[PDB]
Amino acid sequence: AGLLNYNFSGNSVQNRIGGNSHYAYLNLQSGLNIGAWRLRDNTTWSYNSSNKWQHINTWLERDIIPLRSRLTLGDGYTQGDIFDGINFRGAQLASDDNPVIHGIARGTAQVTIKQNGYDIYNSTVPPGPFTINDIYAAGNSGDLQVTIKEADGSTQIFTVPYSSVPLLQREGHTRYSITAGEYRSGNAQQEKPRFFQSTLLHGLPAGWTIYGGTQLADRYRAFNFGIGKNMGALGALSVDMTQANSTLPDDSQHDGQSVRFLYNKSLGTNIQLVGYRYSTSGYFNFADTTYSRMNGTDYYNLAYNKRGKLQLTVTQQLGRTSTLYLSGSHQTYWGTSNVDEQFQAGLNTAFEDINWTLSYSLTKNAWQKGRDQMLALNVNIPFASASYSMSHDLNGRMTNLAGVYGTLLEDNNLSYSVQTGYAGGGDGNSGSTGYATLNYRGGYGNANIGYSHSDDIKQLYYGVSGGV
């Protein structure tokens, strides 16, 4: 049986001065079955008219039952549970065992998520808080750089790190992954070099788990050694150390060490995750060695490497009505006092009388110093059956106000929301901004279309997402 899943997004913006442009994106996935051999392919088409195809993953896998493993051939990706997740081109013999992004938009913004240089998700978003959920990242092991391009007041860029749960294994169970080939990047700044990566996980009695890994290259050597216990009550803890001997593009030899801590809490929904990784001055990843020293946003420099990485992802259930999420990350670098901070907090209350939702977004990157603090508040009051909406946005030194209605038609599937209000605040002048959207969701055969207008900018977007 063959399966396919696509995600289309096309917007045509029209404004004065001559900034009118048309952009279209298509995130398609294709799966083919020709007798045990499972072919999987993921390609992204990007178009910007101020037109290139981008291949991410194309592999052909075979499941081996007698050995409890699966052998994949071609363009695939490695699991980033022990080391940093990397894309490859070759073969992988791994045992066949076994992210949500939050943010607030100013107005009509273009959601663009990129992982490993590859463009994975593209969509258009109305002002306020948004949740994605539907995206399946190709090469889901590394960090995800998500940027929302606004019209005119163009941007806020922030990267979301790979969330990892403490490495736990059942007693007697062994999970291994051996791969050999060359390093794939997709991003036009890296080299492709041959490597050999082999990881191992073993379950120990009394909830303990021993795990290690080795990734050898022509220019890079690493070793891992770690333990992880399962308590259940109070959650789980996992500690691992990594030794790395890396030679940079300038042939400079470096000795590096990195300690890693992972914490979890037992599972309404009460997910808790605290992760801390501290790296030395001479510590570099496998991706760091493959580079051209300097290029150039998305600016990299090997002189300022990663130091301390704090992560926090907590969820609290304050009754059936109230749901609170709090996700945060912090990154420090050697040399400069610049840091990378990403913080998302959403507080929600939903029941058959009124709908309250408070949202907070704190984004701070290096080289910019400036931090974007966003406060969002949406109030929905249900009453043929309509629902009155009240949305307010506060970003930095600018404000946005709106108050109107929005409900669903055709029993359940069809939905419409025609917003109106004023937008202005800090830059430019105080004008009036309003939009109208139409979305139809069948058996995962979605089709959305919207029209937006301000005092100078006009938007017209369309999107189709279908999965078989």
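Start at 1 and count along the sequence shown; that's the residue number.
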Counting only residues of the deposited sequence, how many between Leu267 and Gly268 have no atoms in the entry (none, 1 to 3, 4 to 9, 10 or more)? 1 to 3
Please figure out whether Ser50 and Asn51 are truly consecutive in the deposited sequence or have unmodelled residues between them, and give none, 1 to 3, 4 to 9, or 10 or more. 4 to 9
Mean CA B-factor: is it higher for 346 to 354 or for 274 to 282? 346 to 354
Do the CA atoms of 28 to 36 or those of 54 to 62 have the higher mean B-factor in the entry? 28 to 36
Member of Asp84, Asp97, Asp288, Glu171 with the greatest C-alpha B factor (per the PDB record): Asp97
Within this chain, which third does the Cα B-factor at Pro129 fall in: lowest, middle or highest? middle
Ordered by C-alpha B-factor within the chain, which third holds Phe383? Give me lowest, middle or highest, please. highest
So where's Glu150 on the chain's Cα temperature factor ranking, which third? highest
Looking at the entry's B-factor column for C-alpha atoms only, identify whether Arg184 ranks in the lowest, middle or highest third of its chain. lowest
Ranking every modelled residue in this chain by its Cα temperature factor as given in the entry, which third contains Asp340? lowest
